[PDB]
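*Asks:* Got a structure for you, model-v4.txt, holding compact mmCIF, C-alpha atoms (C1' of nucleotides).
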# COMPACT_ATOMS: atom_id res chain seq x y z
CA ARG M 393 11.66 -13.24 -23.78
CA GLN M 394 13.51 -15.74 -21.56
CA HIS M 395 11.92 -15.89 -18.10
CA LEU M 396 9.68 -13.89 -15.79
CA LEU M 397 10.76 -14.13 -12.13
CA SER M 398 13.79 -11.97 -12.99
CA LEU M 399 11.99 -9.99 -15.70
CA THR M 400 10.98 -6.65 -14.22
CA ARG M 401 7.52 -5.05 -14.23
CA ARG M 402 7.91 -3.42 -17.64
CA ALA M 403 10.14 -6.16 -19.05
CA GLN M 404 7.25 -8.56 -18.45
CA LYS M 405 5.02 -5.82 -19.87
CA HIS M 406 6.87 -5.87 -23.19
CA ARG M 407 7.02 -9.67 -23.01
CA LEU M 408 3.19 -10.06 -22.89
CA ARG M 409 2.10 -6.81 -24.58
CA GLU M 410 0.04 -8.81 -27.05
CA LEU M 411 -1.35 -11.04 -24.30
CA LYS M 412 -2.54 -7.84 -22.64
CA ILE M 413 -3.95 -6.56 -25.94
CA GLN M 414 -6.09 -9.62 -26.60
CA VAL M 415 -7.21 -10.05 -23.01
CA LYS M 416 -8.24 -6.42 -22.53
CA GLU M 417 -10.14 -6.27 -25.82
CA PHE M 418 -11.98 -9.56 -25.29
CA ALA M 419 -12.75 -8.66 -21.68
CA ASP M 420 -14.06 -5.13 -22.13
CA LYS M 421 -16.16 -6.25 -25.11
CA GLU M 422 -17.60 -9.45 -23.59
CA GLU M 423 -18.11 -8.60 -19.89
CA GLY M 424 -19.30 -5.07 -20.70
CA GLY M 425 -16.31 -3.02 -19.59
CA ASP M 426 -14.48 -5.20 -17.06
CA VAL M 427 -11.06 -6.82 -16.75
CA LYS M 428 -10.76 -7.62 -13.02
CA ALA M 429 -13.05 -10.66 -12.93
CA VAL M 430 -11.79 -12.12 -16.20
CA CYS M 431 -8.10 -11.92 -15.32
CA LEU M 432 -9.00 -13.21 -11.85
CA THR M 433 -10.71 -16.32 -13.20
CA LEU M 434 -7.98 -16.67 -15.83
CA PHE M 435 -5.27 -16.91 -13.18
CA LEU M 436 -7.48 -19.16 -11.02
CA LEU M 437 -7.88 -21.59 -13.92
CA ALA M 438 -4.25 -21.44 -15.06
CA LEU M 439 -3.09 -22.21 -11.53
CA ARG M 440 -5.85 -24.77 -10.81
CA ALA M 441 -4.67 -26.74 -13.83
CA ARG M 442 -2.13 -27.89 -11.23
CA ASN M 443 -4.97 -28.79 -8.77
CA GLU M 444 -3.92 -26.32 -6.09
CA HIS M 445 -7.37 -25.63 -4.64
CA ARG M 446 -5.56 -24.58 -1.45
CA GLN M 447 -4.07 -21.52 -3.16
CA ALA M 448 -7.23 -21.15 -5.24
CA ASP M 449 -9.37 -20.90 -2.10
CA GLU M 450 -6.84 -18.60 -0.44
CA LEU M 451 -6.92 -16.24 -3.41
CA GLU M 452 -10.72 -16.35 -3.57
CA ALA M 453 -10.69 -15.50 0.14
CA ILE M 454 -8.43 -12.49 -0.31
CA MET M 455 -10.74 -11.47 -3.15
CA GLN M 456 -13.65 -11.95 -0.71
CA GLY M 457 -12.01 -9.93 2.07
CA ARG M 458 -11.53 -12.76 4.57
CA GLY M 459 -8.07 -13.90 5.60
CA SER M 460 -4.79 -12.23 6.61
CA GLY M 461 -6.46 -8.92 5.81
CA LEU M 462 -8.07 -7.55 8.97
CA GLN M 463 -10.81 -5.35 7.51
CA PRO M 464 -10.51 -1.85 8.99
CA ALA M 465 -13.33 -2.34 11.50
CA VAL M 466 -11.35 -5.24 12.98
CA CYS M 467 -8.12 -3.27 13.35
CA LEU M 468 -10.16 -0.43 14.82
CA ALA M 469 -11.64 -2.84 17.34
CA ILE M 470 -8.16 -4.00 18.29
CA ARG M 471 -6.78 -0.48 18.62
CA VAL M 472 -9.73 0.62 20.76
CA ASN M 473 -10.03 -2.40 23.06
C1' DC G 1 37.70 -6.62 -33.94
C1' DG G 2 32.51 -5.62 -35.67
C1' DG G 3 27.16 -5.73 -36.27
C1' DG G 4 21.93 -7.00 -36.78
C1' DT G 5 19.41 -8.60 -33.42
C1' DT G 6 17.72 -9.61 -28.61
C1' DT G 7 16.71 -8.85 -23.59
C1' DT G 8 15.53 -5.62 -21.19
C1' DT G 9 15.83 -0.54 -20.02
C1' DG G 10 15.12 5.11 -19.57
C1' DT G 11 12.53 8.69 -20.87
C1' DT G 12 8.98 12.01 -21.31
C1' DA G 13 4.42 14.84 -18.46
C1' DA G 14 -1.19 14.87 -15.88
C1' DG G 15 -3.85 13.35 -12.63
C1' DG G 16 -5.10 10.45 -9.31
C1' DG G 17 -5.09 6.98 -5.60
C1' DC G 18 -2.46 5.65 -1.98
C1' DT G 19 0.83 5.74 1.87
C1' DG G 20 4.44 7.36 5.22
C1' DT G 21 6.28 10.86 7.89
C1' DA G 22 6.73 15.56 9.46
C1' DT G 23 4.37 19.25 11.52
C1' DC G 24 0.98 21.60 14.71
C1' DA G 25 -1.56 23.34 18.89
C1' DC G 26 -0.88 22.26 23.35
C1' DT G 27 -0.32 20.83 28.17
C1' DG G 28 3.84 21.57 33.60
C1' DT G 29 1.66 26.33 36.77
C1' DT G 30 8.56 26.53 42.87
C1' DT G 31 13.25 24.76 43.83
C1' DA G 32 15.59 22.15 48.52
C1' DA G 33 20.37 21.70 50.37
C1' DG G 34 24.33 23.79 51.30
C1' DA G 35 28.18 27.98 51.31
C1' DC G 36 29.37 32.42 52.61
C1' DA G 37 28.96 37.33 53.87
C1' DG G 38 27.13 41.05 56.22
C1' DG G 39 24.98 43.28 60.11
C1' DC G 40 23.34 43.91 64.42
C1' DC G 41 22.67 42.50 68.92
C1' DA G 42 24.61 40.81 73.09
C1' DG G 43 27.45 39.46 76.26
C1' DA G 44 32.56 39.13 77.96
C1' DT G 45 35.93 41.96 79.39
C1' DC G 46 39.32 46.23 80.68
Could you spell out this file's structure in structure tokens?
*Replies:*
Amino acid sequence: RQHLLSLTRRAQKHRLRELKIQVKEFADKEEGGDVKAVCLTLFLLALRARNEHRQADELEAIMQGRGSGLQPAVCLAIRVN
DNA sequence: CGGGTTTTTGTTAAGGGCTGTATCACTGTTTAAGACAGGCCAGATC
């Protein structure tokens, strides 16, 4: 009810229960059973309102499996060679 | 001192997805250096 960095996982849960309600219903009725992409783009927009295309591109990269992730074939290459 | 409230918290059990750590089967394929005690030959000696 006060802040969120100190509010725990379920404290935040009870804080935005109704946020979750609306977002899940709208998502799984509009995108035909999906919440990942809609919450993804929601956070992208709500952070890009502060024109932080650096973090936007970084998050789109981690969603695209390229950057600070080392896809398992790469780590396997390193362990072998 | 309370006392309605917040503000956050504690709890239940099924099943799964994930992760971290323990466990498992398994591989080496005789020493060498030095101390001491017999025992038996082997020579020095009466």
*Asks:* Select, as number ranges by chain, those residues of chain M with any atom no more than 10 Å from chain G (distances computed using all atoms listed in the file).
*Replies:* M: 393-394, 399-400, 402-404, 406-407
*Asks:* When you draw a straight line from CA of residue 436 in chain M to CA of residue 415 in chain M, how long is it in Å?
*Replies:*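 The value is 15.1 Å.
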*Asks:* Work out how far CA of residue 432 in chain M is from CA of residue 459 in chain M, in Å to one decimal.
*Replies:* 17.5 Å
*Asks:* To one decimal place, how far is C1' of residue 18 in chain G from CA of residue 461 in chain M in Å?
*Replies:*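 Those two atoms sit 17.0 Å apart.
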*Asks:* Find, counting all atoms listed in the file, the residue in M:398, M:451, M:427, M:435 that gets nearest to residue 414 in chain M.
*Replies:*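 Ranked by minimum distance to residue 414 in chain M, first place goes to M:427.
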